[PDB]
Amino acid sequence: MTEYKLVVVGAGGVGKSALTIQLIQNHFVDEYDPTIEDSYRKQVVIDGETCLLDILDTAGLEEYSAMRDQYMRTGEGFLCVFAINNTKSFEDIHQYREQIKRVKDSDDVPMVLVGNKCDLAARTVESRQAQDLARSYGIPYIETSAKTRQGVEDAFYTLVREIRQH
Ligand SMILES: Nc1nc2c(ncn2[C@@H]2O[C@H](COP(=O)(O)OP(=O)(O)NP(=O)(O)O)[C@@H](O)[C@H]2O)c(=O)[nH]1
Ligand SMILES: [Mg+2]
């Protein structure tokens, strides 16, 4: 069983926890709304191979976290999350990517750009603008909704596949 260390990053309120919880939930607990950074596990079959995903749900750069740098050093792939109704969260993406490049000292870190809250009509970030940004980084772009579950599995499994193809 191959293990993968994934890190979910992005501005406050974009849905980092909602995404993580939606992927890892075994549903015993009805509602889980995390208030703190934490690590979660999910065993899943991706392309025949049993994988163990360790998913770290991180705080936005606005919050202090002592272990942030070691989180990046450890992390093997990164979900870079913004919300399609929050232009500022989208502009903030450059900060998340620079931090990862600075800590890991590499241009070629596995990453997926994630446009969350795609269930909402009040869109301020056009899909094509986010496609252009991902293309400039050389990474996949996937839109997700943590409410409907749309794209949630696809975003994490694409990140895994990015790690493998690295
Ligand atoms: N409509 C909609 N709301 C969402 C979606 N994902 C999360 N939310 C909502 O957006 C808010 C923030 O979600 P949350 O998961 O806490 O985001 P976060 O990035 O972990 N926040 P924090 O940085 O403070 O930890 C919550 O009210 C949550 O229910 C989504 O896909 N669609
Ligand atoms: Mg959170």
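So how far apart, in nm, are the two label points at residue 88 and residue 67 if each is 7 Å from Cα heading toward Cβ?
Placing both labels 7 Å beyond Cα along the Cβ direction yields 2.8 nm.
Can you tell me, using C-alpha contacts under 8 Å and at least 6 residues apart, the relative contact order of the chain as a whole percent?
It rounds to 26 percent for the chain.
In the neighborhood of residue 40, defined by Cβ-to-Cβ distances under 14 Å, what is the net charge if each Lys or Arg adds +1 and each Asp or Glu adds -1?
Result for the local shell: -2.
Suppose we keep just the DSSP beta bridges with both residues in region 6-150; what percent of those would be antiparallel, to 5?
35
Tell me, what is the FRET efficiency for residue 59 and residue 149 to the nearest 0.05, using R0 = 25 angstrom and their Cβ-Cβ distance as r?
0.60
Remind me, what semi-axes does region 115-166 give for its equivalent ellipsoid, largest first in whole Å, using sqrt of 5 times each Cα gyration tensor eigenvalue?
21, 16, 4
For residue 5, list the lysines whose Cα falls under 22 Å from its own Cα; do not include residues on the same chain fewer than 8 positions away.
Partners within reach: 16, 42, 101, 104.
Can you give the longest run of the chain that contains no chymotrypsin sites (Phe, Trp or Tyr not before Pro) sitting in a DSSP loop with at most 11 other Cβ atoms inside 10 Å?
In short, 65-166.
Figure the gain on full extension for residue 136 and residue 41 (residue separation times 0.36 nm, minus the Cα-Cα span) and round it to one decimal in nm.
This chain segment gains 31.1 nm when fully extended.
Please give me the summed charge of the neighbours of residue 147: other residues whose Cβ is under 14 Å from its Cβ, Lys and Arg +1, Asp and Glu -1.
Summing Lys and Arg as +1 and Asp and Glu as -1 gives -2.
List the GluC sites (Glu not before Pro) within region 1-85 that DSSP assigns to loop and that have no more than 16 neighbouring Cβ atoms inside 10 Å.
For GluC sites (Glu not before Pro) across region 1-85 that sit outside H, G, I, E and B with at most 16 neighbouring Cβ atoms in 10 Å, the list reads 31, 62, 63.
Taking the C-alpha atoms of the chain, how large are the radius of gyration and the largest Cα-Cα span, Dmax, in Å?
Expressed in Å, the Cα Rg and Dmax of the chain come to 14.7, 42.
Bear in mind that the values in this text are calculations on the coordinates, not laboratory data. No Cβ is skipped: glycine too gets one built from the backbone with ideal geometry, and neighbour counts run over all protein chains shown.
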